[PDB]
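Peer 1: just dropping in an experimental structure and the matching sequence.
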Amino acid sequence: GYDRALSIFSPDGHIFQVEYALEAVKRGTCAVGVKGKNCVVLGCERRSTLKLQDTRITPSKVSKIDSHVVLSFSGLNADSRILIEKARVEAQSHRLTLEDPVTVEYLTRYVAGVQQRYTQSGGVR
Amino acid sequence: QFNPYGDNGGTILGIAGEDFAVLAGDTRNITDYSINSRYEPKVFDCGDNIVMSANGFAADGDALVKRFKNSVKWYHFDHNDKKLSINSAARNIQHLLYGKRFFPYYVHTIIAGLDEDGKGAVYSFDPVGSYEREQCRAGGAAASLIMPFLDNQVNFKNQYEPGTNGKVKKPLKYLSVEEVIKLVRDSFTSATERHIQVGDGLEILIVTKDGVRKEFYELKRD
Amino acid sequence: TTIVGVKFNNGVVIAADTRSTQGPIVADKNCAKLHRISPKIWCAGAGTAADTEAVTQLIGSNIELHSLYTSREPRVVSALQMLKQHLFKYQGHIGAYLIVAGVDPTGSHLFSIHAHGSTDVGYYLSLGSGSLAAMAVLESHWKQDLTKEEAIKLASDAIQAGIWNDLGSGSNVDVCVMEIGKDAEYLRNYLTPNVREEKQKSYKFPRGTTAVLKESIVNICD
Amino acid sequence: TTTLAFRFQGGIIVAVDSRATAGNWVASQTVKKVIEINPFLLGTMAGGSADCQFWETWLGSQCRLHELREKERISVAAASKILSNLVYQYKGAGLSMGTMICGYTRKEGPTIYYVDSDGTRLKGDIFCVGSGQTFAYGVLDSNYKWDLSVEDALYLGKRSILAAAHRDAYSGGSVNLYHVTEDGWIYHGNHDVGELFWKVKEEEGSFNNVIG
Amino acid sequence: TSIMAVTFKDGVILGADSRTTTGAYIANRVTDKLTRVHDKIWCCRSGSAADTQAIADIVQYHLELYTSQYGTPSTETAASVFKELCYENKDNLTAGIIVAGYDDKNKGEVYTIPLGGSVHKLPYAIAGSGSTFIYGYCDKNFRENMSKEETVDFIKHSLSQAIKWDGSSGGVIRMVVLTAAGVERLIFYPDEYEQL
Amino acid sequence: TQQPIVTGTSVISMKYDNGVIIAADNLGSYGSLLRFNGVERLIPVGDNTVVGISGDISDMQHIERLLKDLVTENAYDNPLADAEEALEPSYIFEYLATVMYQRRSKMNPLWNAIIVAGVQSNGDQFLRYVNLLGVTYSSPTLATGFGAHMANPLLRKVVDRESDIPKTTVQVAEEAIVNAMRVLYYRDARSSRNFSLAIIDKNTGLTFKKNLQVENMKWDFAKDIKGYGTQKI
Amino acid sequence: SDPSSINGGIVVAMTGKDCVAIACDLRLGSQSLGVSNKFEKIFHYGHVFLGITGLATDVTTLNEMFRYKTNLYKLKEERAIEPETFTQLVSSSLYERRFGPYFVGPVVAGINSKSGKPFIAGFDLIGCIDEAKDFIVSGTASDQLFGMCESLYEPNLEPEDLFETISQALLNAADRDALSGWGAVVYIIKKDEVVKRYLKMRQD
Amino acid sequence: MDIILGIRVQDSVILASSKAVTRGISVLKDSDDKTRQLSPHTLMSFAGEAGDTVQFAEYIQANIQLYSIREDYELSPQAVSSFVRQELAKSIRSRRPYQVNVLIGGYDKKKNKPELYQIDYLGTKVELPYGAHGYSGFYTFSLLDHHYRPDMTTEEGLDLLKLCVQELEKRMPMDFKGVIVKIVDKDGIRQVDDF
Amino acid sequence: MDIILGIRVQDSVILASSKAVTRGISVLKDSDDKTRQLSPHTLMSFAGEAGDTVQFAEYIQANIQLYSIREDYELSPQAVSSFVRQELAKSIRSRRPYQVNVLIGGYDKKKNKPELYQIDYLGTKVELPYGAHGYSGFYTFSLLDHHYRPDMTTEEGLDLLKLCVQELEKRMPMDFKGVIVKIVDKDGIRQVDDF
Ligand SMILES: *[C@@](C)(CO)[C@](*)(O)[C@H](CC(C)C)NC(=O)[C@H](Cc1ccccc1)NC(=O)[C@H](CC(C)C)NC(=O)[C@H](CCc1ccccc1)NC(=O)CN1CCOCC1
Ligand SMILES: *[C@@](C)(CO)[C@](*)(O)[C@H](CC(C)C)NC(=O)[C@H](Cc1ccccc1)NC(=O)[C@H](CC(C)C)NC(=O)[C@H](CCc1ccccc1)NC(=O)CN1CCOCC1
Ligand SMILES: *[C@@](C)(CO)[C@](*)(O)[C@H](CC(C)C)NC(=O)[C@H](Cc1ccccc1)NC(=O)[C@H](CC(C)C)NC(=O)[C@H](CCc1ccccc1)NC(=O)CN1CCOCC1
Ligand SMILES: [Cl-]
Ligand SMILES: [Mg+2]
Ligand SMILES: [Mg+2]
Ligand SMILES: [Mg+2]
Ligand SMILES: [Mg+2]
């Protein structure tokens, strides 16, 4: 198996691969979240250099993780699918063992844990 | 077909007092109708004022004692020479036994010592790790002979105060080390009379705050 | 059981231990394994306790009737023949293993019988679970032309070997000496090397200890 | 063993005997068959003593880890399902367990779950488990109402174990009582059948089959 | 067991070891497996000690009753009585018997009766667990019309080898000589036969 | 799971005042067939230990190889291999006991009963038993197979307890062992007349005696025994 | 399906100074199910007492059989049967069914009316007599009874003291057996008076 | 066959017996009377192996009726129970034993007392205040231990019996199609038609 | 577990499942729901080995719910049944197979048709107008062969179902404590509370 430590510390105490991943997020289309007194709203930018698009079938920017939780993102589109899939699987797994849907904090903590694991695992960015 | 188990006979007995605890066991070792040894000890000082015996299939018994003795050693290494309490030892032994739940150690295990309040403590285990603290326990081949006698003489079961119309029970009290050793010796001489696998010698290990003392007595050799 | 038979100058001696077992439990600590078939023909029995007693009594009964019928003192070979044919008929299901010995007008005799009905002749024999321990002694110390006192010593030593080394045997040594021209002497408890030591404590209860619900006089008279 | 637990107006009653056997040999009369998992959760034990004792203490460790991770006491449903999923992994290996997970939480209220070693998991109001379960059912069912008082409910649980202790040869020793409320579990003493049987016989007038 | 019977010029000789076993324990090291059913008709016993004793006792009874009515029975007649018992009770018997006798008309004769209860008249016969190891030796060394001393040596050397290889055989080598002269018993101890 | 094919019978032994004695016959049985007669079942390790083995002979030869290799391994990087850091009887035993129990625990045993006899560096007598089950025990006298049933009773008449050991000389002890071997030849159907005997003394060291024979046997009384009951000729 | 341990029960007998005691539990069950707490296992024929443990149908059958035989004995002999003689009768009768036996563990107890000597005896299921100076035990808690009797017993106990010893032997033995208990009865037997006492014991 | 119960009260004996006859996966009948009148004041219920039950019951019935005609007299319940026990005690060591368990409820006219005897197929007899055969006992005995009193009336006994049937109908796996109840007292035997 | 039935009519699928959970000689529960909603228009009933049943049902439920979230779309009853069959077909050659039999009732919204699938533990799938598992079929199939028509209403189907339960309650040996009935149609899944 490919083992290389890609995410490593630099002399100044930075992990450049993690910091360069933030630059990819900065390149991505804007996403915004605002929560009211009785609701949350997720807003997302879509760039208009793409005409002749088919909006029926094109992947939507906001994804349902369960019937009560949603996930939007900024950055690499292909990368987001992997996180969304894992989150959706964990959502069903939680319902199965705890007999209760995930809290938003729990689902976030899981997704965040997956992201962290990819910062100190060999062979992955 | 190969049978991985055997029966080495013998019997063991643990009693707890106020500030002490005894763990006794006969020294005879057998297979079928033959005597292997007239003096083969099976009650061991394991350190930290814990005495232990694992009676039944001797090979499993020795293996277990060996593993627990080793567990005590590593407990010191990993936790700054901390004394392993009798309750902690008991829980540790449960995991040793249950670890082989699907290929069990064929033994009745008893340990004795002092609890963390200085009071006498006896714990007993089944072959797969269930345990319980008691004032009193007999184990092994003659357990069924000795145990009911202990219920009657240690825990005063079925004994009522004379003249009270069987209404007031005989009150529970701690026994002196002298009285306890009398009961142990009588228990084993009785067991030796009526059980063929019991005899030759009796070895008692007494546990106080001062340490672990030993006493030996002859038993009938037939 | 351990049982033996030894021939000497002017007759034959047989011996036996006195332990009766029930699995690993000693049922009888002083049972009689030496049986009288006729006044001067005696039997030592190992195996199923009821079978040895029943088969010895039946043949003993028929031997008495035969002796009265023929106006003759019974012969050992007659008891041997009647026992073996009875046991053979039952194909080993009657678990009687016997050492038959005695004196008669023909002389002194020593035989053994097995459950399936086979008989053996010898100057020294041993049967039972402790027969190997006993035979080891007999093979070590036996010689031709033994005296009465030497044969008793050898026989009892062979039983002792069983008592100490075989878990199936224990307690005391019974002996029967059958000499030519003399009455047979049955030596019940010839050796008692397994006396129970004084108990450490009297377990005499204070009167009233046991709780009672009802009392009543029982009528045994008519 | 005989163990029961039932739901009622004032919470949950849990009652167990204290006998342990190896065939016909009575091995112990003082076994603790209720396991205190936390101040709001109880577990009952029937079947193999090592299996029950080992895996229900293990269950308590898993429940502690839940409240450390989630900053919240585990639900009765989730606790029972940890145990049932565990024994299901060992299905066929020969584990022997009949357990009842009893407790109170805010979202659920008083709840009882039956969990056994062939993987059965059932929510319910009344269960009796063990070799003497039928004897306990007979008394419990015929006297059960939802509107029982705390005092009467405690007695019925005690009386049902006594019934089984008497008739079932593999049940006896003493009765251990527990009451589970919104505030947690409360221990209601060890009651030796030696004294309890005669006390109940005299005061209640029952057990006329026995020589008084 | 290792047993054999061998005809020769003057009659017949029977031979046997003296070992009786229960598993690997030797219950009797001085057994007599050569037994008299009539004055000059003897048999070698192998298999169950109980069965062979019971059979021999019945045969002895039959031949004693035969003699009372019809005079001395032939060796063939004795073998027939053994056969009748062994054949008709084949399901309940474990007995391998060699019958050997001396007539004055027929001289020495040997009949062997295996487990099934069949009868086989032979110049010499071998049987018992230890016989397997000496088929080769006995076939190569047997000659008809041997002398007494030659036949004694043949049996002694044969059973010596059978004893050496078979754990179920041992002790002394007993022999019984059947001739017109009478009946002679011979015994040979380990110290002699082991170093042959 | 195994079954033993070529087998060895009893191994007997005892302690005496200055050391230990051990003996075993030279037979390799193949069921009832007494197949091999030149089999040595006593294997010396160094000059202070003898391992006596009964049971399966293929497994015995495997154990021989292990002990042989143990001596080689102990010599590696060990300047005191023939002095303070030489192999003790207790080290050799504990190694075998560990192996025996591990093999039974894997349901693939070495089908043997083993007695390790020797003298420790401080002069103490060593005598301990181990078998296919991993069962271990020690006693003034030890024996395997039929020896346990017939030899032990005879040897225990000499040394019945611990206090009898100082009172027992090497002459008396060897006499008892040689007598026991005779009794086993009378009574064990899978025994041979030829045997080996080994003495390990704290003063005179290891003495290994080969090609011994059972002698002074009583067989003469056999001539008087006729029939099985009623027979007179 | 082990005939001797389907129903359960125990019997014990002891000797004292010019007296004998015989005691039994009252349980009759069907494996785990307790059925009856009034099932007495001790019977008497004149002054000879017989206790029987084991399969309950055979207990009943044998009682009826020995009542039958002792009644005919008394009519022909014109005297009550003695313990030594009755012991032989029990042994003969059991061995008659050698290859189809009654699944029982009988115990004889009584005082010989001529000599005044205390007598006890025990049997296995096929009739082997077990005589004893001290005590005889029988039933599903026989191991327990052996242990209790061997420690508690001393010779030449007075009737009142002997009662305490035998009662404690039975009670504590019964409490360690699942199939024994549910009440108990003790018979104290002197030369010409017999006292019968029911013991208070735990009912589980 | 399956469920047979019995309760002895102050002045009568009450027998309850299930109505179902099942073979395989089919309930062939739901009105079966699992009892026979042995004499005017003696009733026997039965349960066990198919065929054996009725064959045994009718055989006993014939023998008791024969006795009654011969002596012009009714045997006591105790005497009848002893006869039945002996027949089963013989049977258990036969080539093919009767696999039948019975309850015998009777009123002894000489003693003026009700009597209930429980006898299993081995020939194990006991007199009881209340009895059951098969798995029924595992529920009813503990229930009756609690609610039973020795001085109860026939009506109190029927209510006590209703309590048993309700418990069995709640916790028993099989549908036994209710029970036929019969009362035995000083006036003989009668059937309760509405239960 | 024991009794699970299914009837497909004109516009709906009706599933009936017994309420009893029995272990040994004790009915532990009489209100057990032996079904799981896989999707809004698909329902699965189940019966078989203890533990296996619920474990399998919930495992399938989790997988179908996962699919629904991923694709934002409901699988057709036919597609769900094929997925379930394959899982059981894998299982039967495993170290320890799922001993579970299932019925899958669904309403296909694209076809506007009700669908009933019967699948056993071996992975044997069939589409049927009416189905049953276990011993139930031995009574209900012949009954439905006679009384069933393809154009029946939901109400007619419930009456037809009552006829089945009545027959089972009459002839089945065990007390299964009635049934929970659920209907699957164009509007989804609902439970009949009074049956
Ligand atoms: C030595 C001690 C051992 O070989 C001797 O050989 C003695 C012989 C003397 C006493 C004549 N043997 C015994 O003591 C003998 C050992 C034994 C046990 C079982 C089978 C064969 C031999 N013990 C007995 O025979 C006892 C006698 C009692 C103590 C009075 N009997 C039993 O143990 C009976 C065996 C009966 C039996 C039935 C069918 C075939 C063979 C034997 N067993 C029981 O009593 C066990 N059980 C108790 C509960 O009730 C059911 C029976
Ligand atoms: C009622 C009282 C009876 O069913 C309850 O169900 C209790 C539950 C309480 C104690 C938690 N159950 C038991 O008492 C239980 C019954 C049982 C026995 C065996 C298997 C399953 C269920 N008893 C035990 O678990 C005992 C408890 C001991 C005596 C303290 N343990 C044993 O019987 C052990 C271990 C059995 C075992 C299980 C799995 C693998 C291997 C072994 N067995 C022994 O100690 C064997 N034997 C005892 C007699 O002495 C010789 C050795
Ligand atoms: C050689 C040894 C083999 O061919 C000889 O044939 C001799 C013949 C002489 C003695 C006439 N045969 C034996 O020694 C014979 C070997 C034998 C064993 C079993 C079946 C057939 C042949 N040994 C015996 O017959 C002994 C004699 C006793 C010890 C005095 N009897 C037994 O070994 C009995 C036999 C039971 C039997 C089995 C099958 C058919 C008939 C009888 N067996 C036992 O006692 C069993 N024993 C119990 C203890 O555990 C070890 C086995
Ligand atoms: Cl012979
Ligand atoms: Mg002893
Ligand atoms: Mg009980
Ligand atoms: Mg040989
Ligand atoms: Mg009890």
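Peer 2: Arrived safely. Numbers count the residues shown, from 1 in each chain, chains lettered A, B, ... in the order given. Ligands and ions are numbered 1, 2, ... in the order given.
Peer 1: in terms of secondary structure, what does the longest helix belonging to chain H contact?
Peer 2: If you go by DSSP state H, chain H has its longest helix at helix H:52-71. Counting contacts by 3 or more C-beta pairs under 8 Å, 6 or more residues apart in numbering or on different chains; DSSP states H and E, helix H:52-71 is packed against strand H:35-39, strand H:42-48, helix H:77-91, strand H:100-108. Where C-beta positions appear, they are placed from N, C-alpha and C, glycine not excepted.
Peer 1: quick one, which of those gets closest to residue G:185.
Peer 2: Among the helices and strands packed on helix H:52-71, helix H:77-91 comes nearest to residue G:185, with 21.6 Å by C-beta to C-beta.
Peer 1: which non-adjacent residue is nearest the closest residue to ligand 7 within chain C?
Peer 2: Ranked by C-beta to the ion, the top residue of chain C for proximity to ligand 7 is residue C:139, at 17.1 Å. Nearest residue to residue C:139 in three dimensions, chain neighbours excluded: residue F:183, at 4.9 Å (C-beta to C-beta, 6 or more residues apart in numbering or on different chains).
Peer 1: any idea which helix or strand carries that neighbour?
Peer 2: helix F:170-187 (DSSP states H and E).
Peer 1: buried residues, that helix. List them.
Peer 2: Under the neighbour-count criterion of 16 or more other C-beta atoms under 10 Å in any protein chain shown, helix F:170-187 has F:170, F:173-174, F:176-187 buried.
Peer 1: same thing with stretch H:178-195?
Peer 2: Per 16+ other C-beta under 10 Å, stretch H:178-195 contains these buried residues: H:178-185, H:189.
Peer 1: what's the first-to-last distance across that stretch?
Peer 2: 8 Å (C-alpha to C-alpha, to the nearest Å).
Peer 1: wait, does that stretch contact chain I?
Peer 2: No: figure legend: stretch H:178-195 not in contact with chain I (C-beta under 8 Å from any C-beta of the partner chain); closest approach 11.7 Å.
Peer 1: circling back to that earlier point, the residue nearest to residue C:139 contacts residue C:138, doesn't it?
Peer 2: No: using C-beta atoms under 8 Å, residue F:183 makes no contact with residue C:138, being 9.4 Å away.
Peer 1: what do the two both touch?
Peer 2: Where contact means C-beta atoms under 8 Å, 6 or more residues apart in numbering or on different chains, no residue is in contact with each of residue F:183 and residue C:138.
Peer 1: how about the helices and strands packed on helix H:52-71 in JSON lines, adding distance to residue C:54 and mean neighbour count?
Peer 2: Output for these, formatted as JSON lines (distance: least, C-beta to C-beta, whole Å; neighbours: other C-beta atoms under 10 Å in any protein chain shown):
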{"stretch": "strand H:35-39", "distance to residue C:54": "43", "mean neighbour count": "21"}
{"stretch": "strand H:42-48", "distance to residue C:54": "38", "mean neighbour count": "25"}
{"stretch": "helix H:77-91", "distance to residue C:54": "25", "mean neighbour count": "20"}
{"stretch": "strand H:100-108", "distance to residue C:54": "36", "mean neighbour count": "26"}
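Peer 1: out of these, nearest to chain E?
Peer 2: Taking C-beta to the nearest C-beta, helix H:77-91 is the member of the helices and strands packed on helix H:52-71 nearest to chain E, at 32.8 Å.
Peer 1: mind listing residues that contact that closest one?
Peer 2: G:57, G:60-61, H:38-39, H:41-42, H:44, H:56, H:60, H:63-64, H:75, H:97-98, H:100, H:102, H:104-108, H:115, H:117, H:119-125, H:127.
Peer 1: so what's the residue of chain A found nearest chain B up against?
Peer 2: Using C-beta to the nearest C-beta, the closest approach of chain A to chain B is made by residue A:97 at 24.3 Å. Listed by C-beta under 8 Å, 6+ apart, the contact partners of residue A:97 are D:78, D:81-82, D:85.
Peer 1: would you mark the buried spots in the helix or strand hosting residue C:187?
Peer 2: For residue C:187, the host element (DSSP H and E) is strand C:185-191. By 16+ other C-beta under 10 Å, the buried positions in strand C:185-191 come out as C:187, C:190-191.
Peer 1: same check on stretch H:123-140?
Peer 2: So for stretch H:123-140, counting by 16+ other C-beta under 10 Å, buried means H:123-133, H:135-140.
Peer 1: so does it get close to chain I?
Peer 2: Yes: interface with chain I: stretch H:123-140 contributes H:135, H:138 (C-beta under 8 Å from any C-beta).
Peer 1: can you get me the start-to-end distance on that stretch?
Peer 2: End-to-end distance of stretch H:123-140 (C-alpha to C-alpha): 22 Å.
Peer 1: using the three-state scheme, assign residue 83.
Peer 2: Because you didn't say which chain, this covers chain A. At residue A:83 the chain is in helix, as set by DSSP: H, G, I helix; E, B strand; the rest coil.
Peer 1: right idea, wrong chain: chain D
Peer 2: Residue D:83 ends up helix, using three-state DSSP.
Peer 1: partners of the longest strand anywhere in chain C in the sheet?
Peer 2: Ranked by residue count under DSSP state E, the longest strand found in chain C is strand C:96-104. Sheet pairing of strand C:96-104 (DSSP bridges) gives strand C:41-47 (antiparallel), strand C:107-113 (antiparallel).
Peer 1: pick the most deeply packed of those.
Peer 2: strand C:41-47 (a mean of 26; mean count of other C-beta atoms under 10 Å in any protein chain shown).
Peer 1: and the helix or strand following that strand, which residues are buried?
Peer 2: Scanning forward in sequence from strand C:41-47 by DSSP H and E, the next helix or strand is helix C:49-70. By neighbour count on 16+ other C-beta under 10 Å, the buried set for helix C:49-70 is C:49-57, C:59-60, C:62-63, C:66-67.
Peer 1: could you find the closest non-adjacent residue to the residue of chain C found nearest chain B?
Peer 2: Chain C approaches chain B most closely through residue C:211 (2.6 Å), counting by C-beta to the nearest C-beta. Excluding its sequence neighbours, the residue lying closest to residue C:211 (C-beta to C-beta, 6+ apart) is residue B:166, at 2.6 Å.
Peer 1: that older thread, and the angle from the longest helix of chain H to strand H:35-39?
Peer 2: 10 degrees (axes from the mean of the first three to the mean of the last three C-alpha atoms, to 10 degrees).
Peer 1: contact partners of helix H:52-71?
Peer 2: H:1, H:34-39, H:42, H:44, H:46-47, H:74-75, H:80, H:83-84, H:87, H:98-100, H:102.
Peer 1: identify the single longest helix in chain B, thanks.
Peer 2: helix B:58-78.
Peer 1: after that helix, next one along is what?
Peer 2: Heading C-terminal from helix B:58-78 (DSSP H and E), you reach helix B:86-98.
Peer 1: now for that next one, which elements pack on it?
Peer 2: helix B:58-78, strand B:107-114, strand B:120-125, strand B:131-134, helix D:49-70.
Peer 1: which helices and strands does the first one pack with?
Peer 2: Helices and strands in packing contact with helix B:58-78 are listed as strand B:51-56, helix B:86-98, strand B:107-114, helix F:89-105, strand F:136-138; criterion 3+ C-beta pairs under 8 Å, 6+ apart.
Peer 1: go with 10 Å
Peer 2: With contacts taken as 3 or more C-beta pairs under 10 Å, 6 or more residues apart in numbering or on different chains; DSSP states H and E, helix B:58-78 sits against strand B:29-31, strand B:43-45, strand B:51-56, helix B:86-98, strand B:107-114, helix F:89-105, strand F:136-138.
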